[PDB]
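The structure appears right after this line, and notes come after that.
Only this structure's heavy atoms are used, side chains among them; waters, hydrogens and symmetry mates stay out. Just so you know, ligand 1 is whichever comes first in the structure, and atom 1 is the first atom listed for that ligand. Numbering starts at 1 and runs along the sequence shown.
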Amino acid sequence: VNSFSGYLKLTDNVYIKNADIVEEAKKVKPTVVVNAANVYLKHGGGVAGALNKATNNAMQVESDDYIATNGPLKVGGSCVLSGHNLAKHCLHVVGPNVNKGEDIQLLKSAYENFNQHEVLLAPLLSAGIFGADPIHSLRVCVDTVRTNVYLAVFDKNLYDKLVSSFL
Ligand SMILES: COc1cc(CC(=O)O)ccc1O
């Protein structure tokens, strides 16, 4: 048994809710919150900008030191950094950004990172401002992630569409 509330069960291991991931993280303090990162860990907008703002920019300060030491992530890759005030850990995962012209086939690789963590609170990768089809992202999530994932979808109309269309 865990602390996540009001999620709709989609599969054995995937659950979904219409919620602000920042507000969910603040309430649950999960072991792992997933950030929808870019390869430079520049947390400017969307879930990344919203998570970073909720940490008072501490996420960005930590990320800048990570990049200075290790260089950029790969598209499809990830790193584990602090969750600051939101979670124990933040798993920064880079899904492909269609609006930068990145290969959508890398979405499955991005979701595979979730399998290294038993439970996660996460964004629907490559959806929203990342430019991919969110129905497709949810399908790739359910077909790739085997650990327990609690998906927080910010946009209400997007949530209703994802639930109604889920196979
Ligand atoms: C995958 O990252 C994002 C996903 C979404 C979709 C949503 O939850 O409404 C919005 C903004 C984002 O930055």
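Atom 9 (O) of ligand 1 has its closest protein heavy atom at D155 N, 2.9 Å. The protein heavy atom nearest to atom 13 (O) of ligand 1 is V47 N, 3.1 Å. With respect to atom 4 (C) of ligand 1, the closest heavy atom belonging to the protein is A127 O, 3.7 Å.
Taken together through direct or relayed side-chain contacts under 4.5 Å among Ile, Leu, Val, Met, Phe, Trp and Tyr, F130 and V22 form parts of separate hydrophobic clusters. One hydrophobic cluster, built from ILVMFWY side chains closer than 4.5 Å, holds both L125 and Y159.
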Trace of the side-chain hydrogen bond (donor to acceptor under 3.5 Å, both in side chains) decision for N52 with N57: CA-CA 5 Å; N52 175 59; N57 210 53; 2.9 Å; yes
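You'll find the side chain of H89 stays beyond 4.5 Å of the side chain of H117, heavy atoms only.
Between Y150 and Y15, the angle of the ring planes stays under 30°, which puts this pair in the parallel group of the 30/60° scheme.
For ligand 1 and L124, the ligand atoms under 4.0 Å from any heavy atom of the residue are 1 (C). Contact atoms of ligand 1 toward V153: 8 (O) (distance under 4.0 Å to a heavy atom of the residue). Those atoms of ligand 1 that come under 4.0 Å of a heavy atom in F154, given as number and element, are 7 (C), 8 (O), 9 (O).
No N or O atom of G128 sits closer than 3.5 Å to an N or O atom of ligand 1.
Nearest residue to atom 2 (O) of ligand 1 from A48, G46, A36 is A36 (criterion: closest heavy atom).
Only one option out of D143, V149, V142 pairs with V145 in a side-chain contact (heavy atoms from CB on, under 4.5 Å); it is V149.
Contacts with ligand 1 closer than 4.0 Å are made by no heavy atom of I21, backbone or side chain.
Atom CG in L120 sits 6.0 Å away from atom CZ in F114 (nearest 0.5 Å).
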